[PDB]
Trainee: 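The structure follows.
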Amino acid sequence: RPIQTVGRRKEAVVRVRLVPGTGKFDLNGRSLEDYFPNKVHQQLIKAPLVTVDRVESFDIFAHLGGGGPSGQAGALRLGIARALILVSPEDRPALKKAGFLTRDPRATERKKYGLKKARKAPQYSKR
Amino acid sequence: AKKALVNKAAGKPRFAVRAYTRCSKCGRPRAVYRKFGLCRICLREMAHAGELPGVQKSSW
Amino acid sequence: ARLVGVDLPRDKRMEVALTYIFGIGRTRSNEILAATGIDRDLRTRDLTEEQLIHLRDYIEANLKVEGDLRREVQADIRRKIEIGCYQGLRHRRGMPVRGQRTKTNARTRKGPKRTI
Amino acid sequence: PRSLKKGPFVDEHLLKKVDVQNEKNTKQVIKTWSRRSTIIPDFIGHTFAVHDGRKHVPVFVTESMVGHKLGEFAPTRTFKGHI
Amino acid sequence: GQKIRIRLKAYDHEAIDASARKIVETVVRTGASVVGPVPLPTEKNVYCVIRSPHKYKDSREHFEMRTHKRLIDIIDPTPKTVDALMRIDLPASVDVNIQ
Amino acid sequence: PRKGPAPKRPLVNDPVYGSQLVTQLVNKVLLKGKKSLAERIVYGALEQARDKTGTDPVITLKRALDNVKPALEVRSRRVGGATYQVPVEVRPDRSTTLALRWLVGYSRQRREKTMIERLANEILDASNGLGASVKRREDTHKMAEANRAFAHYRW
RNA sequence: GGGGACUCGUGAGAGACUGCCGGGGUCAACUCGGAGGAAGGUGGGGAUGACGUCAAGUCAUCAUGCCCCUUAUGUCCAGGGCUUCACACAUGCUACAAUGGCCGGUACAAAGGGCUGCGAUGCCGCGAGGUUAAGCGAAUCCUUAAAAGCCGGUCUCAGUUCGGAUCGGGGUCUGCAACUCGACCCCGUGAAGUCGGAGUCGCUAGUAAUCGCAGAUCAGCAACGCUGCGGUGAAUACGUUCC
Ligand SMILES: [Mg+2]
Ligand SMILES: [Mg+2]
Ligand SMILES: [Mg+2]
Ligand SMILES: [Mg+2]
Ligand SMILES: [Mg+2]
Ligand SMILES: [Mg+2]
Ligand SMILES: [Mg+2]
Ligand SMILES: [Mg+2]
Ligand SMILES: [Mg+2]
Ligand SMILES: [Mg+2]
Ligand SMILES: [Mg+2]
Ligand SMILES: [Mg+2]
Ligand SMILES: [Mg+2]
Ligand SMILES: [Mg+2]
Ligand SMILES: [Mg+2]
Ligand SMILES: [Mg+2]
Ligand SMILES: [Zn+2]
């Protein structure tokens, strides 16, 4: 069976299809630099791949949906780390120490009634 | 509200834009919804009493 | 380079340089410079005198500029006063004429604060 | 009614108070309660009594107020000054 | 084929699945075939009123209204189950459609 | 707060320059969540910094900070009927924080056109010891060297 | 066509309890730190307001004891008023620009609304809109193009290509009707404002800050309000001396 994993960050959902290859990020029918133009997002897409040193192999492609450019970048970080385990069960103590298996549950706090935002209160004005 | 003005809003007024909605239970002119036909006060008693279905308190 | 009596300031791009004429904004300056073939990205110090003849006859045939626009404005304000309409009663006292709020505002039609 | 698809708006109870006077050429004052009516080029020379809230105000359509409403010439609010 | 499409809508859970899994189970005994109850997404109306009848803008109640929606879509058409879809004891809170 | 220290937040290494000091500089430039805008200023000003020296700019950046780190600050306290300043020692991770606030803070009111060239002048005028952020080092020290008499009130 | 792999929708479940290990403590409650784990000590957030205080608020949601009006304080309608304006305060918005304005190209959302409706597509109009009409009682069709962002070009510190108040002209839509007193569009005009005195407010993490989108009321709308939704995303907290 092919490798079918999923990671999700805030509202993004990635579907990584890790295949053994030469290293090529054709995300959603689009290359890496064309989809994530920022250099900082490109560091954490391949950050699970530099801890294990398989950056020259294991070419991926995924489906991207929901969220923004950084939620999709953070969700794809979780998808790589949850795909290397299914092809290699011995680098599990290496990825868990760097904090790459953690889903990082951090959502947008809801607006509360009587306040302008989640926590931002109006002016006080005691007189 | 006044009993003369509750019957006026129920009938057929001249110049059809002149019509408006009151609360079906008390006759309040303001803050009357269209899904229920009730004002915000009368919505609050009947949703707690269970007298109109689907509606309960919400938390997310 | 005096065009209509307006004296276009030097070293200014011609799309913006024509906006200093009283009656020509930015959108009119896109069609002054379209029927006369002059490009937008042109410094006004490189303005050929043969080019300047082509926009001293397009303006006097199709637009309304200094003098005979500033007198049309002060006559329409004049017309509302002698008929005695609402805006003529409202132009005489310096209060806003378009139904603006006059309780905590309208500092433009009035002066600064007075603080009685 | 303010669009150039349905013409101007004059009340039906005011056209047949002036078209019964345009034909027999009299200048009687019209006691109206219709501020919203539009001065059209048939009101030229007539005089109206427009209701402002408490009384009737004599307005005289000369020639040049032929594009306005009839209620712009009867000031509703009274104000002199705070002192 | 796709001839009988039913569109059960209700206000509460444990009344829309009990009315489909065991009550519109009464047709597969005739030798028909269903594709199971298909859960659709749920509508959530939102209301937010002032608690006080006067002057207290900052105190509020939130009332919702969930409408659960399911779909069954039995495949095989038989003339003796046309009436067997009519005489079914539905509860009061559930509305049925025939598409 | 009342209940001891709060856990401070980690900073990942910057991908272009292998150092945590650059990614700590982009968070002082950052306003209104425009982080990709704040990274095009700090990456831009460091590349403008190597075109006037030739030296690698994160080596230029650390010599810009070693001339604006304060060693003594001047925290205040009220004692009796007159309040007066007290010199205390600055811990090392505050000296990095209080210096990067001064490079970004005095470059926003410097006389050039773009933020990329205002920041690149203040780094180079602090690597030589001539800028206006350097002058606040020997104004913080002069106010801390005129108050050694009050060093016995350390809260 | 078809597929049950992945996601999502939504039903029933598992999961976190100091359960396990080490140190401190009457072997106590507990406490500091490790292993596993998606999550660790209440995982984040909501719903939830004890006995009572303020003769706190509402006789104008409703209900009501007394007192009062009954050819008027009842009641119908047309106009006007709640929108005034020497001023004073409070809450917001847009700003004073280069971490920006404008022009062109190009990515990425969530939660909602729709039959007295949603108006695709095609055409006409500079545009708000007009007209024809396919589809859809909606995970199906429409609302729907998210905007900040990214790339490139221009402006060069000026009361300006910043600001968009005010005023002149011409329009559209809703409605019996837009004068008093509606939003929106176009052309022109281009005021104050160059970061704010004493004082003072909010916020400890997906927070503040900033950028848009949807709803309820609603023919239309003075929606910059309210209640929600997601995108990008900080800096600090030594400490209890002082308020
Ligand atoms: Mg937010
Ligand atoms: Mg208050
Ligand atoms: Mg109405
Ligand atoms: Mg409890
Ligand atoms: Mg009292
Ligand atoms: Mg009272
Ligand atoms: Mg009473
Ligand atoms: Mg009336
Ligand atoms: Mg009012
Ligand atoms: Mg502008
Ligand atoms: Mg653009
Ligand atoms: Mg067109
Ligand atoms: Mg000035
Ligand atoms: Mg300036
Ligand atoms: Mg707190
Ligand atoms: Mg509306
Ligand atoms: Zn009611």
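For the numbers below, each heavy atom of this structure counts, side chains included, while hydrogens, waters and symmetry mates do not. In the text below, chain A, chain B and the rest are named by the order of the sequence lines, each starting its count at 1.
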Trainee: Which of the following nucleotides, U241(G), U210(G), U91(G), is nearest to the side chain of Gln123(A)?
Mentor: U91(G)

Trainee: Checking contacts here: which listed nucleotide (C85(G), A205(G), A237(G)) is nearest the side-chain heavy atoms of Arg119(A)?
Mentor: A205(G)

Trainee: Have a look at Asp104(A) and tell me which of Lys10(A), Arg9(A), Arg8(A) forms a salt bridge (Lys or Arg N to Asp or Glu O under 4.0 Å) with it.
Mentor: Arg9(A)

Trainee: Is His82(D) side chain donor-acceptor paired with the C85(G) base, going by distance under 3.5 Å alone?
Mentor: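 Side chain to base: pair found, below 3.5 Å.
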
Trainee: Considering only side-chain heavy atoms of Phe22(C), which listed nucleotide, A237(G), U161(G), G190(G), is closest?
Mentor: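 From the listed options, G190(G) comes nearest.
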
Trainee: Give a yes or no on whether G11(G) and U94(G) pair, Watson-Crick or G-U wobble, both distances under 3.5 Å.
Mentor: no

Trainee: Tell me whether the guanidinium CZ or amine NZ of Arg70(C) lies under 6.0 angstrom from the six-membered ring centre of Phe22(C) and within 45° of its axis.
Mentor: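 The answer is yes; both the distance and angle limits are met.
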
Trainee: Given salt bridge (charged side-chain N to carboxylate O under 4.0 Å, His left out), test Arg91(F) with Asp93(F) step by step and report yes or no.
Mentor: CA-CA 6 Å; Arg91(F) 61 181 180 176; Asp93(F) 56 354; 3.4 Å; yes

Trainee: Please state how far atom CZ in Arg30(B) lies from atom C1' in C62(G), giving the value in whole angstrom units.
Mentor: 17 Å

Trainee: Given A38(G), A139(G), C6(G), identify the nucleotide with an atom nearest to the side chain of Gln4(A).
Mentor: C6(G)

Trainee: So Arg14(B), base contact, sugar-phosphate only, or nothing? Heavy-atom distance under 4.0 Å.
Mentor: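 Since no nucleic acid heavy atom lies under 4.0 Å of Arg14(B), the category is nothing.
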
Trainee: Among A39(G), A219(G), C179(G), which is the nearest nucleotide to the side chain of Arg35(D)?
Mentor: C179(G)

Trainee: Ignoring backbone atoms, establish whether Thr102(C) has a side-chain N or O less than 4.0 Å from OP1 or OP2 of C85(G).
Mentor: yes

Trainee: If you check the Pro5(F) side chain, which of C238(G), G113(G), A234(G) turns out closest?
Mentor: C238(G)

Trainee: Measuring from the side chain of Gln72(A) (C-beta onward, heavy atoms only), which nucleotide among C87(G), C108(G), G11(G) has the closest atom?
Mentor: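 Nucleotide nearest to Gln72(A)'s side chain: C108(G).
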
Trainee: Taking OP1 and OP2 of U172(G), is either one under 4.0 Å from a side-chain nitrogen or oxygen of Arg2(D)?
Mentor: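 Negative; the distance criterion is not met.
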
Trainee: From the options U84(G), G231(G), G92(G), select the nucleotide whose nearest atom is closest to the side chain of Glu11(A).
Mentor: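 Ranking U84(G), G231(G), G92(G) by closest atom to the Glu11(A) side chain puts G231(G) first.
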
Trainee: Under a 4.0 Å threshold between the charged nitrogen and the carboxylate oxygen, would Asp17(E) count as salt-bridged to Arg21(E)?
Mentor: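 Judged by the 4.0 Å cut-off on N to carboxylate O distance, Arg21(E) and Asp17(E) do form a salt bridge.
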
Trainee: Between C201(G) and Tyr124(A), is there a base-stacking contact, meaning the centre of the base's six-membered ring lies under 5.5 Å from the residue's ring centre while the planes stay under 30° apart?
Mentor: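 So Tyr124(A) does not count as stacking on the base.
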
Trainee: Out of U227(G), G36(G), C176(G), which has the shortest distance to the side chain of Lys96(A)?
Mentor: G36(G)

Trainee: Would you call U140(G) and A47(G) a Watson-Crick or G-U wobble pair if both distances must be under 3.5 Å?
Mentor: no

Trainee: Could you tell me if the bases of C195(G) and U194(G) meet the stacking criterion, namely six-membered ring centres under 5.5 Å apart and ring planes under 30° to each other?
Mentor: no

Trainee: The side chain of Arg108(F) lies closest to which of these nucleotides: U7(G), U99(G), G188(G)?
Mentor: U99(G)

Trainee: Taking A16(G) first: does it form a Watson-Crick or wobble pair with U154(G), both atom distances below 3.5 Å?
Mentor: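 No; nothing between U154(G) and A16(G) satisfies the definition, which requires both distances under 3.5 Å.
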
Trainee: Is it true that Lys25(B) and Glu45(B) make a salt bridge, defined as a side-chain N closer than 4.0 Å to a carboxylate O?
Mentor: no

Trainee: For the side chain of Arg109(C) and the base of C167(G), is some donor closer than 3.5 Å to an acceptor across the two?
Mentor: no

